[PDB]
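The chain below stands alone and is given in structure tokens; this is the form deposited in one PDB entry.
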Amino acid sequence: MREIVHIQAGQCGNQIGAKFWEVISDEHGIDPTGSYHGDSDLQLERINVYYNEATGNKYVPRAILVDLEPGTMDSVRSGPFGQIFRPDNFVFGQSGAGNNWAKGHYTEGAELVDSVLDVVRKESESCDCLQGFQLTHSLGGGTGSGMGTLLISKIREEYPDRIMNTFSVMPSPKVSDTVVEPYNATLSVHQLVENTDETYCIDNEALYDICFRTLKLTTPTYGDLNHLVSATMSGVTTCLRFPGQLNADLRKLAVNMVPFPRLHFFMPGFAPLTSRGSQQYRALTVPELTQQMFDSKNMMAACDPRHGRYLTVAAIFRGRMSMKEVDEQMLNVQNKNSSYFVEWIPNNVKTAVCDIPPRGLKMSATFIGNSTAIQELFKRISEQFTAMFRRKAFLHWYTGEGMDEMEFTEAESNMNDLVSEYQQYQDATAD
């Protein structure tokens, strides 16, 4: 359990994926050219997890870049770290997807999926002991949703004993008012409940509400939204990149967080919440980090944890702090909010501490929760899906590419069964 292969698909996947490599490279002390400029041995302890060692003292990210539109390829190279990505790992098609889940999953993306698998095999065989894969994409678009789920199925049937992880961005009318996004999101969740082991739900509705109502950003931009994403993705992968305990690898994390195979959709949290270049938060202590981590205003998914029950909870603390104080505060919240944790899973809270905090901060805390309250996100997407599907609006866009109309009904039936499954264990007692 060491190396992890990164894959980013679509416009949103490459945007949040590029920010992920920009943030973690600054934490490990890697310049845009790949040379190590840090000053800590812990930065090179777990660097092989996400990087490949080149000829000299150069570290190349283990990332694969996919998209149907060639325009995003120019946007990645224009980034500050566009030169550290492998030119062999650039796979871009001719025409885009047009926010159509069927073009990326059945037609346009089905032709490009073979060229990506050849890059996956070439990257996976060079690893001494492959651990798994992580995918960054959106669910409202066409490539990251349509081809993203197709690439998962093709890779999983070739690497079945590995771990498949996804960072999925949920659509929201607050950010993109494209009415066919509930279509593409529902069809994608129908695939994620079958072909993924861990799925971090990054809801654009929550990212917009955090910037607008908390950060006082009247006109939030994608850069403002991705600032929350990159900070969250760096926190959830802290222990995959540093000498740690708790989980240390993807499978041990999945065993301790997934009590039921279909309930593998995580609710990310983060604290403190700062703007871009603001450097506002300062006097943040251990009791306050534990408080905000379990608050609804600090959740990256538009879901109130007070409305459901926690199945498993994983917390990752970063910075110089007291192990005794972190333990006293975590036990206090579990006793204060005992009604929000299921009683038939003893010791369902895992705590983590890392001595290396992220950039610009001294205290940090990342929240990973498997809560039944996540059904409020799936019921929000389902209601928008049903409102559109009952009028058959724009259904010819998908059937014209080869989809059968039953694929929408069976997708509508799965997420409704998924919501009923969350409500099932939310009302279950130990007796």
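Residues that one form lacks are left out of the comparison. Think of the rigid core as the biggest set of C-alphas that the two forms share within 1.5 Å after superposition. In this text, residue numbers run from 1 along the sequence as written.
Only in words, not in the display: the form deposited in another entry, which the text now covers.
- Put simply, after the core is superposed between the shown form and the other one, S278 is the one residue in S153, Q83, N337, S278 with a Cα shift of at least 2 angstroms.
- Pairwise change in the other form: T238 and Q280 C-alpha atoms lie farther apart than in the shown form, at least 3 Å.
- The pair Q279 and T285 is tighter in the other form: their Cα-Cα distance falls by no less than 3 Å compared with this form.
- For residues common to both forms, superposing the rigid core between the shown form and the other one reveals a single consecutive run of 3 or more with all Cα shifts of 2 angstroms or more, at 274 to 283.
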